[PDB]
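> So here's start_6.txt (compact mmCIF, C-alpha atoms and all ligand atoms).
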# COMPACT_ATOMS: atom_id res chain seq x y z
CA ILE R 1 -46.87 -28.90 -49.19
CA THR R 2 -43.61 -27.15 -48.15
CA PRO R 3 -40.49 -27.67 -50.33
CA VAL R 4 -38.37 -30.40 -48.72
CA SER R 5 -35.65 -29.07 -46.36
CA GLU R 6 -32.42 -31.16 -46.21
CA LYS R 7 -30.36 -30.86 -43.08
CA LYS R 8 -27.12 -32.66 -42.46
CA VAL R 9 -27.24 -33.11 -38.68
CA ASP R 10 -23.82 -34.88 -38.43
CA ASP R 11 -21.75 -37.46 -40.29
CA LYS R 12 -24.24 -40.20 -39.43
CA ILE R 13 -27.65 -38.41 -39.84
CA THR R 14 -29.37 -36.34 -42.51
CA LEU R 15 -33.00 -35.25 -42.07
CA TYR R 16 -35.49 -34.37 -44.84
CA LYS R 17 -38.63 -32.48 -43.68
CA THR R 18 -41.84 -31.72 -45.58
CA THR R 19 -45.09 -30.38 -44.11
CA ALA R 20 -48.38 -31.04 -45.90
CA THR R 21 -51.90 -29.74 -45.14
CA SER R 22 -55.30 -30.89 -46.36
CA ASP R 23 -58.65 -30.01 -45.08
CA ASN R 24 -62.36 -30.08 -45.64
CA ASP R 25 -63.80 -26.84 -44.41
CA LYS R 26 -67.51 -27.90 -44.53
CA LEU R 27 -66.73 -30.85 -42.21
CA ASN R 28 -64.27 -28.80 -40.15
CA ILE R 29 -61.50 -31.44 -40.37
CA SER R 30 -57.89 -30.37 -41.05
CA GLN R 31 -54.82 -32.57 -41.35
CA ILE R 32 -51.42 -30.98 -40.72
CA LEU R 33 -48.81 -33.68 -41.45
CA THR R 34 -45.08 -33.44 -40.75
CA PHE R 35 -43.02 -35.97 -42.74
CA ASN R 36 -39.44 -36.44 -41.47
CA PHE R 37 -37.29 -38.86 -43.42
CA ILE R 38 -34.17 -39.97 -41.62
CA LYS R 39 -31.12 -41.11 -43.62
CA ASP R 40 -28.75 -42.86 -41.13
CA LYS R 41 -25.38 -44.07 -42.49
CA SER R 42 -25.33 -46.71 -39.77
CA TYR R 43 -28.77 -48.24 -40.50
CA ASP R 44 -29.75 -49.96 -43.66
CA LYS R 45 -33.49 -48.97 -43.64
CA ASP R 46 -34.99 -45.60 -44.48
CA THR R 47 -37.12 -44.26 -41.61
CA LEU R 48 -40.09 -41.94 -41.92
CA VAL R 49 -41.48 -40.30 -38.74
CA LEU R 50 -44.92 -38.98 -39.67
CA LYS R 51 -46.61 -36.62 -37.23
CA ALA R 52 -50.38 -36.21 -37.73
CA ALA R 53 -51.81 -32.98 -36.20
CA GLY R 54 -54.62 -30.47 -37.06
CA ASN R 55 -58.29 -30.42 -36.03
CA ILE R 56 -61.41 -32.56 -35.95
CA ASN R 57 -64.42 -30.52 -34.87
CA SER R 58 -66.92 -32.47 -32.64
CA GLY R 59 -69.82 -31.50 -34.94
CA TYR R 60 -71.79 -30.31 -31.85
CA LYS R 61 -74.66 -27.85 -32.33
CA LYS R 62 -76.90 -26.54 -29.53
CA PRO R 63 -80.35 -28.14 -29.10
CA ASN R 64 -83.32 -25.99 -29.94
CA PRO R 65 -84.13 -24.31 -26.55
CA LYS R 66 -87.88 -24.17 -27.39
CA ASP R 67 -88.18 -28.02 -27.44
CA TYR R 68 -90.59 -28.58 -24.59
CA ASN R 69 -91.06 -32.28 -23.67
CA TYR R 70 -88.38 -33.87 -25.84
CA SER R 71 -85.06 -32.59 -27.10
CA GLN R 72 -81.78 -33.78 -28.63
CA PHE R 73 -78.36 -32.69 -29.94
CA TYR R 74 -75.37 -34.32 -31.60
CA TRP R 75 -71.94 -34.40 -29.96
CA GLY R 76 -68.43 -35.84 -30.47
CA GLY R 77 -68.61 -39.34 -29.04
CA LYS R 78 -65.34 -40.66 -30.44
CA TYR R 79 -62.47 -39.57 -32.71
CA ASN R 80 -60.58 -42.03 -34.91
CA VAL R 81 -57.15 -41.39 -36.55
CA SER R 82 -55.29 -43.92 -38.69
CA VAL R 83 -52.25 -44.07 -40.92
CA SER R 84 -51.88 -46.89 -43.37
CA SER R 85 -49.27 -47.98 -45.87
CA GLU R 86 -50.35 -49.33 -49.28
CA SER R 87 -48.67 -50.46 -52.51
CA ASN R 88 -45.17 -51.60 -51.30
CA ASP R 89 -44.16 -54.67 -49.26
CA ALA R 90 -40.78 -53.14 -48.43
CA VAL R 91 -42.66 -50.52 -46.26
CA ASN R 92 -43.87 -51.37 -42.75
CA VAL R 93 -45.38 -49.44 -39.85
CA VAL R 94 -42.81 -50.24 -37.10
CA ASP R 95 -43.55 -47.85 -34.21
CA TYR R 96 -45.98 -45.18 -33.09
CA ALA R 97 -46.97 -42.83 -30.24
CA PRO R 98 -48.95 -43.13 -28.14
CA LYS R 99 -48.25 -46.80 -27.77
CA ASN R 100 -50.48 -47.78 -24.77
CA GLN R 101 -54.04 -47.05 -23.59
CA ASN R 102 -54.12 -43.66 -21.96
CA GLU R 103 -56.92 -41.79 -20.17
CA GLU R 104 -54.78 -38.94 -18.69
CA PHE R 105 -56.21 -35.45 -19.24
CA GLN R 106 -53.26 -34.47 -21.39
CA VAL R 107 -51.08 -36.82 -23.44
CA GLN R 108 -47.45 -35.57 -23.75
CA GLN R 109 -44.78 -37.88 -25.14
CA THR R 110 -41.50 -37.81 -27.10
CA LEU R 111 -40.53 -40.28 -29.80
CA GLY R 112 -36.74 -40.46 -30.23
CA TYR R 113 -34.60 -41.97 -32.96
CA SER R 114 -31.10 -43.14 -31.97
CA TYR R 115 -28.15 -43.68 -34.23
CA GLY R 116 -28.43 -47.18 -35.69
CA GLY R 117 -32.24 -47.27 -35.93
CA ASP R 118 -33.62 -47.70 -32.40
CA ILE R 119 -36.90 -45.89 -31.56
CA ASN R 120 -37.82 -45.06 -27.95
CA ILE R 121 -40.94 -43.38 -26.56
CA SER R 122 -40.66 -41.40 -23.32
CA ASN R 123 -43.31 -39.77 -21.23
CA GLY R 124 -43.26 -35.96 -21.08
CA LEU R 125 -41.83 -33.36 -23.55
CA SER R 126 -38.31 -32.97 -22.04
CA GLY R 127 -37.09 -35.90 -24.21
CA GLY R 128 -37.56 -33.70 -27.29
CA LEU R 129 -36.42 -30.50 -25.60
CA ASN R 130 -33.19 -31.83 -24.03
CA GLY R 131 -32.18 -32.67 -27.67
CA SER R 132 -30.42 -35.96 -26.50
CA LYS R 133 -31.61 -38.11 -29.40
CA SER R 134 -30.30 -37.84 -32.92
CA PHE R 135 -33.88 -36.95 -34.00
CA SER R 136 -37.09 -36.56 -31.92
CA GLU R 137 -40.71 -35.60 -32.41
CA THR R 138 -43.30 -34.85 -29.69
CA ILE R 139 -47.04 -35.33 -29.23
CA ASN R 140 -49.11 -33.04 -27.00
CA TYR R 141 -52.88 -33.18 -26.82
CA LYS R 142 -55.75 -32.60 -24.43
CA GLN R 143 -58.45 -35.31 -24.06
CA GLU R 144 -60.05 -34.59 -20.71
CA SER R 145 -62.80 -37.23 -20.01
CA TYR R 146 -61.79 -39.25 -23.04
CA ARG R 147 -59.58 -42.31 -23.49
CA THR R 148 -57.03 -43.18 -26.19
CA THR R 149 -56.72 -46.77 -27.25
CA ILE R 150 -54.74 -48.37 -30.04
CA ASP R 151 -56.95 -50.10 -32.61
CA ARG R 152 -56.98 -53.95 -32.55
CA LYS R 153 -56.55 -54.05 -36.26
CA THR R 154 -53.11 -52.31 -35.96
CA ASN R 155 -50.52 -54.36 -37.80
CA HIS R 156 -47.47 -53.91 -40.02
CA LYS R 157 -49.49 -52.01 -42.63
CA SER R 158 -51.65 -49.68 -40.43
CA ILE R 159 -51.72 -47.95 -37.05
CA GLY R 160 -54.91 -46.39 -35.70
CA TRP R 161 -56.13 -44.80 -32.49
CA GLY R 162 -59.59 -44.26 -30.98
CA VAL R 163 -60.14 -41.34 -28.64
CA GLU R 164 -63.50 -42.14 -27.01
CA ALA R 165 -65.77 -40.38 -24.44
CA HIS R 166 -64.95 -42.36 -21.27
CA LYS R 167 -65.55 -40.72 -17.84
CA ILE R 168 -67.75 -37.67 -18.13
CA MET R 169 -68.77 -35.81 -14.98
CA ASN R 170 -72.15 -34.12 -14.92
CA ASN R 171 -72.38 -31.39 -12.25
CA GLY R 172 -70.50 -33.59 -9.69
CA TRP R 173 -72.40 -36.78 -10.65
CA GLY R 174 -70.85 -39.55 -12.71
CA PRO R 175 -68.71 -40.61 -14.24
CA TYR R 176 -70.88 -41.39 -17.26
CA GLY R 177 -70.04 -42.79 -20.66
CA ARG R 178 -71.68 -43.26 -24.04
CA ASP R 179 -73.41 -46.43 -22.69
CA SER R 180 -74.33 -45.57 -19.09
CA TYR R 181 -77.76 -46.91 -18.09
CA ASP R 182 -80.05 -46.49 -15.09
CA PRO R 183 -83.41 -48.39 -15.30
CA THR R 184 -85.32 -45.27 -14.21
CA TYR R 185 -83.42 -42.30 -15.69
CA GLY R 186 -81.68 -43.82 -18.71
CA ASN R 187 -78.26 -42.35 -19.58
CA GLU R 188 -77.90 -39.24 -17.46
CA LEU R 189 -74.63 -38.23 -19.26
CA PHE R 190 -75.80 -34.71 -20.25
CA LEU R 191 -79.17 -34.56 -18.47
CA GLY R 192 -79.83 -31.23 -16.66
CA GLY R 193 -82.04 -32.26 -13.68
CA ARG R 194 -84.25 -35.35 -13.13
CA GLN R 195 -87.24 -33.11 -12.14
CA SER R 196 -86.53 -29.78 -13.77
CA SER R 197 -89.60 -27.66 -14.79
CA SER R 198 -87.42 -26.21 -17.60
CA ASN R 199 -88.00 -26.85 -21.34
CA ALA R 200 -86.38 -30.15 -22.61
CA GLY R 201 -84.19 -28.03 -24.84
CA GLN R 202 -82.91 -26.14 -21.74
CA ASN R 203 -82.66 -29.28 -19.54
CA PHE R 204 -79.14 -30.30 -20.54
CA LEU R 205 -75.72 -29.80 -18.89
CA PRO R 206 -74.66 -26.28 -19.88
CA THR R 207 -72.30 -26.44 -22.90
CA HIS R 208 -69.18 -25.08 -21.05
CA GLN R 209 -69.38 -27.84 -18.43
CA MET R 210 -69.37 -30.50 -21.25
CA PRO R 211 -65.91 -31.76 -22.14
CA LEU R 212 -64.10 -29.72 -24.77
CA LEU R 213 -63.87 -32.85 -26.99
CA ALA R 214 -67.69 -33.40 -26.73
CA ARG R 215 -68.86 -29.87 -27.73
CA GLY R 216 -65.75 -28.21 -29.33
CA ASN R 217 -62.96 -29.89 -31.20
CA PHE R 218 -60.19 -32.46 -30.92
CA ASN R 219 -56.57 -31.38 -31.80
CA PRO R 220 -54.91 -34.77 -32.54
CA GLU R 221 -51.14 -35.27 -32.32
CA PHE R 222 -50.10 -38.82 -33.26
CA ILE R 223 -46.77 -40.18 -34.54
CA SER R 224 -46.37 -43.09 -36.92
CA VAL R 225 -42.98 -44.55 -37.78
CA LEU R 226 -42.55 -46.34 -41.10
CA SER R 227 -39.47 -48.26 -42.30
CA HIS R 228 -38.57 -48.80 -45.96
CA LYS R 229 -35.89 -51.22 -47.27
CA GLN R 230 -33.10 -49.16 -48.85
CA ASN R 231 -32.74 -51.77 -51.67
CA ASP R 232 -36.32 -51.05 -52.84
CA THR R 233 -36.64 -48.14 -55.36
CA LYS R 234 -40.43 -48.07 -55.73
CA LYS R 235 -42.79 -45.33 -54.50
CA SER R 236 -45.45 -46.09 -51.83
CA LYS R 237 -48.78 -44.64 -50.67
CA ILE R 238 -49.81 -43.44 -47.24
CA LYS R 239 -53.55 -42.88 -46.37
CA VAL R 240 -54.29 -40.69 -43.31
CA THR R 241 -57.85 -40.86 -41.99
CA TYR R 242 -59.47 -38.50 -39.46
CA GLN R 243 -62.99 -39.45 -38.32
CA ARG R 244 -65.61 -38.45 -35.81
CA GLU R 245 -68.51 -40.54 -34.50
CA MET R 246 -71.34 -38.18 -33.70
CA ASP R 247 -73.64 -39.43 -30.91
CA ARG R 248 -77.22 -38.20 -30.46
CA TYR R 249 -78.05 -37.29 -26.79
CA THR R 250 -81.79 -36.93 -26.00
CA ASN R 251 -84.04 -36.11 -23.12
CA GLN R 252 -87.80 -36.72 -22.61
CA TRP R 253 -90.34 -35.95 -19.91
CA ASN R 254 -92.13 -39.11 -18.83
CA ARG R 255 -94.96 -38.19 -16.51
CA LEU R 256 -92.95 -37.98 -13.25
CA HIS R 257 -89.36 -37.38 -14.28
CA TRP R 258 -86.91 -36.87 -17.13
CA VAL R 259 -85.16 -39.72 -18.99
CA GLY R 260 -81.91 -39.29 -20.99
CA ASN R 261 -80.70 -41.51 -23.89
CA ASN R 262 -77.46 -41.59 -25.91
CA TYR R 263 -77.50 -43.11 -29.42
CA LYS R 264 -73.90 -43.94 -30.49
CA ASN R 265 -72.32 -43.08 -33.82
CA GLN R 266 -75.50 -41.85 -35.54
CA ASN R 267 -73.47 -39.84 -38.04
CA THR R 268 -69.91 -40.91 -39.00
CA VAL R 269 -67.90 -38.16 -40.65
CA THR R 270 -64.65 -39.16 -42.32
CA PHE R 271 -61.88 -37.31 -44.08
CA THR R 272 -58.99 -39.18 -45.80
CA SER R 273 -55.89 -37.95 -47.63
CA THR R 274 -53.67 -40.15 -49.73
CA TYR R 275 -50.02 -39.21 -50.39
CA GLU R 276 -47.48 -40.70 -52.80
CA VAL R 277 -44.17 -41.13 -50.99
CA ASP R 278 -40.90 -40.94 -52.94
CA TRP R 279 -38.30 -42.55 -50.66
CA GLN R 280 -35.36 -41.75 -52.98
CA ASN R 281 -36.15 -38.03 -53.09
CA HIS R 282 -37.75 -37.73 -49.63
CA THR R 283 -40.80 -36.04 -51.18
CA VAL R 284 -44.59 -36.46 -50.83
CA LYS R 285 -47.43 -35.48 -53.19
CA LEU R 286 -51.14 -35.32 -52.33
CA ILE R 287 -52.82 -37.64 -54.84
CA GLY R 288 -56.33 -37.86 -53.39
CA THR R 289 -58.76 -36.86 -50.73
CA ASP R 290 -62.18 -38.01 -49.83
CA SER R 291 -64.95 -36.95 -47.42
CA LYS R 292 -68.03 -38.89 -46.24
CA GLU R 293 -70.86 -38.39 -43.83
CA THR R 294 -73.22 -41.32 -43.29
CA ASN R 295 -76.17 -39.21 -42.06
CA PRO R 296 -75.83 -35.46 -42.82
NI NI P 1 -61.07 -45.93 -17.43
I'd like the structure from this file rewritten - as structure tokens, please.


Amino acid sequence: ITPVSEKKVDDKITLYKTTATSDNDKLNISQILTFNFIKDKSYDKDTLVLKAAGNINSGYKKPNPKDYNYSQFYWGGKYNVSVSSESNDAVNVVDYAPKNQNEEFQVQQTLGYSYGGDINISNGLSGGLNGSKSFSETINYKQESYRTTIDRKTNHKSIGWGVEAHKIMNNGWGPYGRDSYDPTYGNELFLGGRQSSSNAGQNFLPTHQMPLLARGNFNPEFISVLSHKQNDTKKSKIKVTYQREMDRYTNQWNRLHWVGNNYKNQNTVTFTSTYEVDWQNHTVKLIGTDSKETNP
């Protein structure tokens, strides 16, 4: 955790910034969190803009190339990120970015704070480079073939996002998804050729033609905005969760042709950090982490 930096921006706004990192290196999940507390003389709530960045590896490993009539590998089917507030009713999640479903290859947005408390989200990064807002923070991430959606359970105490395999192209064919189904060939998502004389373990889409999120890693950038009533003097807790759902893709030779299958979320890998937030001192302390895999 960096020591807090205090910056008087002008006679209305003072900003307090801390950066905190926590990671699990066995799971290859890293959280890089930027906490910006905004003290605005003209607004009677404290505002925290929390940017969640870092890494979630897909967990992909190559299939065994010697597998002859049946093979399989695990891949990054979906990434989940959430931020939740506990232990104080005077704290609420009030805004966040991205705000709407988005399947563009790159997500690039600015979240701006205006004197008096208004939050706006604009498309593109100019909004946080033109410096027109009293405070802004940007998100910038690649998610080619994947789709970001806001979780249905999002409410005043939690925001989460799902970044899910959505429209995957396989050597010009597709698009395919985690669920695609043909009665003859199964899910052809990462199948090499329907008739290939190759080994099962060498009858998959070559790794570099898979999406980066499927075989490599996701680099999340998400913003949560939390408000805290200035009257309240109590600390609060924030839990930040990064998660991958690992799917198992398989192929099998059935007499005349290959069949592909995708099993969803066969291993769920989760990393959570919990911070104590001091609103009076604009400081955060890491009080807990936890890691889980359902099927290592
Ligand atoms: Ni779509």

> Collect all residues with atoms no farther than 10 Å from ligand NI 1 (chain P), counting only C-alpha atoms and all ligand atoms, and output them as a PDB file with C-alpha atoms, keeping the file's coordinate frame.


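Below is the file pocket.pdb, written as the result:
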ATOM      1  CA  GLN R 101     -54.040 -47.050 -23.590  1.00  0.00           C
ATOM      2  CA  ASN R 102     -54.120 -43.660 -21.960  1.00  0.00           C
ATOM      3  CA  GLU R 103     -56.920 -41.790 -20.170  1.00  0.00           C
ATOM      4  CA  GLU R 104     -54.780 -38.940 -18.690  1.00  0.00           C
ATOM      5  CA  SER R 145     -62.800 -37.230 -20.010  1.00  0.00           C
ATOM      6  CA  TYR R 146     -61.790 -39.250 -23.040  1.00  0.00           C
ATOM      7  CA  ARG R 147     -59.580 -42.310 -23.490  1.00  0.00           C
ATOM      8  CA  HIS R 166     -64.950 -42.360 -21.270  1.00  0.00           C
ATOM      9  CA  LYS R 167     -65.550 -40.720 -17.840  1.00  0.00           C
ATOM     10  CA  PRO R 175     -68.710 -40.610 -14.240  1.00  0.00           C
TER      11      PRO R 175
END

> Segment 22-47 of chain R near segment 255-274 of chain R within 8 Å: what's each residue's closest atom pair and its distance in Å to one decimal, counting all atoms listed in the file, ordered by chain then ascending residue number, as JSON lines?


{"residue": "R:22", "atom": "CA", "partner": "R:273", "partner_atom": "CA", "distance": 7.2}
{"residue": "R:24", "atom": "CA", "partner": "R:271", "partner_atom": "CA", "distance": 7.4}
{"residue": "R:27", "atom": "CA", "partner": "R:269", "partner_atom": "CA", "distance": 7.6}
{"residue": "R:29", "atom": "CA", "partner": "R:271", "partner_atom": "CA", "distance": 7.0}

> Please provide as an MDAnalysis selection string all residues within 6 Å of residue 159 of chain R, with the sequence filter that same-chain residues fewer than 3 positions apart are discarded (counting only C-alpha atoms).

chainID R and resid 82:83 154

> One number please: atom CA of residue 222 of chain R to atom CA of residue 238 of chain R, in Å, one decimal.

14.7 Å

> Looking at only C-alpha atoms, which of R:99, R:39, R:157, R:285 is the one that sits closest to residue 20 of chain R?

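Checking each candidate against residue 20 of chain R, we get R:285 as the closest.
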
> Where atoms are missing, can you supply N, CA and C atoms for segment 200-215 of chain R and output the lot as a compact mmCIF listing (two decimals), in the frame of the given file?


# COMPACT_ATOMS: atom_id res chain seq x y z
N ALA R 200 -87.32 -29.05 -22.21
CA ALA R 200 -86.38 -30.15 -22.61
C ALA R 200 -85.14 -29.54 -23.23
N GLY R 201 -85.36 -28.59 -24.15
CA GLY R 201 -84.19 -28.03 -24.84
C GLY R 201 -83.26 -27.21 -23.93
N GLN R 202 -83.74 -26.85 -22.74
CA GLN R 202 -82.91 -26.14 -21.74
C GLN R 202 -82.68 -27.06 -20.52
N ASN R 203 -82.88 -28.37 -20.65
CA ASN R 203 -82.66 -29.28 -19.54
C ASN R 203 -81.49 -30.18 -19.82
N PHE R 204 -80.41 -29.57 -20.34
CA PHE R 204 -79.14 -30.30 -20.54
C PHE R 204 -78.02 -29.65 -19.75
N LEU R 205 -76.94 -30.41 -19.49
CA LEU R 205 -75.72 -29.80 -18.89
C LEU R 205 -75.31 -28.57 -19.70
N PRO R 206 -75.09 -27.43 -19.05
CA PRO R 206 -74.66 -26.28 -19.88
C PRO R 206 -73.40 -26.62 -20.71
N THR R 207 -73.38 -26.13 -21.94
CA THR R 207 -72.30 -26.44 -22.90
C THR R 207 -70.88 -26.34 -22.32
N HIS R 208 -70.57 -25.29 -21.52
CA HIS R 208 -69.18 -25.08 -21.05
C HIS R 208 -68.72 -26.08 -20.00
N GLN R 209 -69.68 -26.78 -19.40
CA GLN R 209 -69.38 -27.84 -18.43
C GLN R 209 -69.27 -29.19 -19.13
N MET R 210 -69.71 -29.27 -20.41
CA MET R 210 -69.37 -30.50 -21.25
C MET R 210 -67.87 -30.55 -21.51
N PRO R 211 -67.35 -31.75 -21.77
CA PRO R 211 -65.91 -31.76 -22.14
C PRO R 211 -65.66 -31.00 -23.43
N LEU R 212 -64.51 -30.37 -23.53
CA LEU R 212 -64.10 -29.72 -24.77
C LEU R 212 -64.20 -30.65 -26.00
N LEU R 213 -63.80 -31.91 -25.84
CA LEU R 213 -63.87 -32.85 -26.99
C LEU R 213 -65.34 -33.15 -27.38
N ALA R 214 -66.26 -33.04 -26.43
CA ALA R 214 -67.69 -33.40 -26.73
C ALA R 214 -68.37 -32.28 -27.54
N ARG R 215 -68.09 -31.02 -27.22
CA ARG R 215 -68.86 -29.87 -27.73
C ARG R 215 -67.97 -28.94 -28.63
